[PDB]
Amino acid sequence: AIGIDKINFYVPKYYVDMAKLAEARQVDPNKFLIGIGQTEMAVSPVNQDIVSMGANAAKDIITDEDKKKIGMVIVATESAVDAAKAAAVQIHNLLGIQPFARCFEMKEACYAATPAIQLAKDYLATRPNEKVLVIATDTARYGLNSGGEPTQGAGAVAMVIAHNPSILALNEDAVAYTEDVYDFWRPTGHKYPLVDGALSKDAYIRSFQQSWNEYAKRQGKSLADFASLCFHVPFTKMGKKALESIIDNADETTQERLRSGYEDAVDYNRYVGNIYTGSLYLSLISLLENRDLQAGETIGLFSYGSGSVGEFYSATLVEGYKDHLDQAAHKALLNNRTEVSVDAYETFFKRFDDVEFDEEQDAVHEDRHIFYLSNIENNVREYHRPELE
């Protein structure tokens, strides 16, 4: 079998309390906490770009042996920093991976990480001793006082795909669904995305229903066959509406189980926000660590990308997977962050727009053990490398 052998995520060291953001935006805190379903929003310091966040997510799950066996590094993002050079190239360099590897980016809104791991699996079919590194990295920025502001976030998720995966085996049952719609998009030159709020929810749910229906038909399966589902998470309130749209034909036993699985799956996302390509996979991590699913059980996954493309596929838990997760590290990552005021958040936000370096505001001295953007000279980004290196 081939699948996810290792998985990890990274989010910036700052966050803004959603209740505080609500107060600053003149709305009832529960509108954000319950209405949208978010609790803490990741805030990006200038010294963390998609390259450094991606490197930080992958660094803790790649051994010296893995560096010799990785044949491809694929970066999924819709927050690129170059129109030509793939961020996968810089990350491959920062991680010290062997040279004879393919490095490139995949793009399609929040969907890109899915074809990356699926095609990584196809690539590995005839290469039992190789591995593939897939990294989802993004900064969901809508703008101060914008409609999408409350759903903002930033982070990266790294996955190592290989034979005899220690965590999840990817099954051969994926089915995608494409439909040309303008629910969310970002033309060249626009700093923030254009969005048709209401339309985005309809497009999202339709893609899910169409993808699921075809999958059920082709595989002769039903929701009762899954221990849990795992979806893309722009915000928990979204995934709940999508969930209820179909469980609406499932028996009571299945409904209770899938609803419970969902809460476990979006637990971590509630404290981060939308991280685009990485949302579904951050939710996968949350599900694997917060729930006690048994080996051999199957998870049903739905990946979405505005524009739009959806895909439903399944994966099976591998015997002993709990021993290959880093729940303590992940809980620590989230708890060790520092809360910043809305005012401070707005200042950070504006500085990020123009990559305005400030080593004191970004408290760079604290980042000795991680990768971070240190400066830009002659249009070339320079990165600080972990001191242990």
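Start at 1 with the first residue shown and count on from there.
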With reference to the PDB entry, specify whether the mean Cα temperature factor is higher for 45 to 53 or for 64 to 72.
-> 64 to 72
Comparing 238 to 246 with 178 to 186, the one whose average Cα B-factor in the PDB entry is higher | 238 to 246
Kindly indicate the residue among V11, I370, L373, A22 with the greatest C-alpha B-factor in the PDB record.
-> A22
Out of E214, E130, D292, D264, which residue has the highest Cα temperature factor in the PDB record?
-> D292
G147: CA B-factor among chain residues, third -> highest
Looking at the entry's B-factor column for C-alpha atoms only, identify whether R257 ranks in the lowest, middle or highest third of its chain.
-> middle
In terms of the chain's CA B-factor thirds, is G155 lowest, middle or highest?
-> lowest
CA B-factor ranking of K191, expressed as a third of its chain = highest
Position of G197 among the chain's modelled residues by C-alpha B-factor, lowest, middle or highest third | highest
